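Lettering follows sequence order; numbering is per chain, from 1. All heavy atoms count here, side chains included; hydrogens, waters and symmetry mates do not.
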There are 2 protein chains.
Amino acid sequence: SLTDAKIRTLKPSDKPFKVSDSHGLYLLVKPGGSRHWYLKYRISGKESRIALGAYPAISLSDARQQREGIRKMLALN
Amino acid sequence: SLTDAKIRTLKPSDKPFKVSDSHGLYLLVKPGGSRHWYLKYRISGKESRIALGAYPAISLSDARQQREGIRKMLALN
Ligand code: NA
Ligand code: NA
């Protein structure tokens with residue numbers, strides 16, 4: 001799981017990487033400095049992702065709420 | 001659009017009613033006192049809704065973030 005302090009301690013490296021919160025939500029951190037939220041989802045054997053916005057404009061708390069909304073929608077079905 | 005003050009000023013009446021924020025999000029207020037968030041959505045001519053949680057456990061700000069996540073998911077397609 002993430003905390004804001006854990007996120008802020010992260011630094012861009014020489015390769016993109018993801019840090020997971022839970023339930024499909026992750027932050028993608030790129031070498032150029034981008035930090036962007038994504039939610040991954042799987043439907044009939046195919047996995048895709050949707051962008052939820054840049055951090056810190058979208059906070060960890062915000063991203064989590066977006067995830068909770070999306071999970072309720074994905075529940076169908 | 002809603003504000004928390006506008007919501008708190010609402011009172012249960014003798015009939016259920018909805019107050020809209022925007023973009024499908026509304027609060028359903030029932031005579032027995034329930035205040036619950038829903039998001040309505042329309043796909044190929046059919047409209048349904050999903051519950052997003054009880055107010056005030058789910059704040060207006062939270063409901064809005066849930067809506068923003070869901071709208072990104074509905075965008076497909
Ligand atoms: Na990186
Ligand atoms: Na009412």
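- The two residues B:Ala57 and B:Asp62 come nearest to each other via the heavy atoms O-OD2, 4.2 Å.
- If you check the side chains of A:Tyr55 and A:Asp4, you find a donor sitting under 3.5 Å from an acceptor.
- A:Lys18 places no side-chain N or O within 3.5 Å of a backbone atom of A:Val29 that could act as its donor or acceptor partner.
- Side-chain N/O atoms of B:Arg67 and B:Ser22 include a donor and acceptor closer than 3.5 Å.
- The shortest distance between side-chain heavy atoms of A:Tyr26 and A:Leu2 does not fall below 4.5 Å.
- Residues B:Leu28 and B:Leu25 do not share a hydrophobic cluster, clusters being chains of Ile/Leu/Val/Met/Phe/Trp/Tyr side chains in contact below 4.5 Å.
- When all heavy atoms of A:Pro12 and A:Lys30 are compared, the pair lying nearest together is CB-O, 3.4 Å.
- Although no hydrogens or angles enter the test, the distance criterion places a donor-acceptor pair under 3.5 Å between the side chain of B:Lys72 and the main chain of A:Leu52.
- A pairwise comparison of heavy atoms in A:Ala5 and A:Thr9 identifies O-OG1, 2.8 Å as the closest pair.
- Using a distance-only test at 3.5 Å, with no hydrogens or angles considered, no donor-acceptor pair links the side chain of B:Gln66 to the main chain of A:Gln65.
- Nearest heavy atom pair, residue A:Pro56 against residue A:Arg35, reads CD-NH2, 3.9 Å.
- Between A:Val19 and A:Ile7, the closest side-chain pair of non-hydrogen atoms is not below 4.5 Å.
- Of the inter-residue distances, the one linking B:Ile70 atom CD1 with A:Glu68 atom CD reads 10.5 Å to the nearest 0.5 angstrom.
- Nearest heavy-atom pair, B:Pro31 versus B:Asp14, reported as atom, atom and distance to 0.1 Å: CG-C, 3.7 Å.
- The distance from atom CD1 of B:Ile50 to atom OH of B:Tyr38, rounded to the nearest 0.5 Å, is 11.0 Å.
- Atoms NZ and CG, on A:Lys6 and A:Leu60 in that order, are 10.5 Å from each other to the nearest 0.5 Å.
- Residue B:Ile58 comes nearest to B:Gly53 through the heavy atom pair CG1-CA, 4.0 Å, listed as atom of the first residue, atom of the second, then distance.
- A:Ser13 contributes atom OG, which lies 9.0 Å from atom NZ of A:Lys15 (distance to the nearest 0.5 angstrom).
- In this structure, OG on A:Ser48 lies 11.0 Å from CG on A:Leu39, to the nearest 0.5 angstrom.
- To the nearest 0.5 Å, atoms OG (A:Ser44) and CD (A:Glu47) are separated by 12.5 Å.
- Using a 4.5 Å cut-off on side-chain heavy atoms (C-beta onward), A:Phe17 and A:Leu27 make no contact.
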